[PDB]
C-alpha cells in the first residue's frame, strides 16, 4: 500500500562507471542520464534539459554496463544519493531500449 514514487524517463546514457559490487556480491551500476525533450506546459511547448545520476542493480546492471552510447526508457523511483545529500538520483527498476 505504497506512497507513489514513479519516474518513467527516456534518456541517453551519458556515462556508465565501471561496474561495482556490494560486499554481498550483488552487481551495482552507476550511471549518468542525459535527457532532452519538448514537454507541454500551461499551453505551450518547452525545451527541457535534464542530467541526473542513476543506479541499476543485479541482472540488468550487467546487461547494461556496456551501453554508454545508447537511448533508453527507464522506470523507477527518485531518492537522494546518501542521507544528508540534497541531491536526487534515479533508482532504476526496469530499463528497456527506447522505441516509444
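Positions refer to the first chain, counted from 1.
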Which of 17-25 and 78-86 has higher mean CA B factor, as the PDB entry lists it: 78-86
Mean CA B-factor: is it higher for 2-10 or for 89-97? 89-97
Give the position of residue 62 by CA B-factor within its chain, expressed as the lowest, middle or highest third. middle
Tertile call for residue 30 (CA temperature factor, within chain, third-based) is the lowest
Sorting the chain's CA B-factors, does residue 39 end up in the lowest, middle or highest third? middle
Among the chain's modelled residues, which third holds the C-alpha B-factor of residue 49? lowest
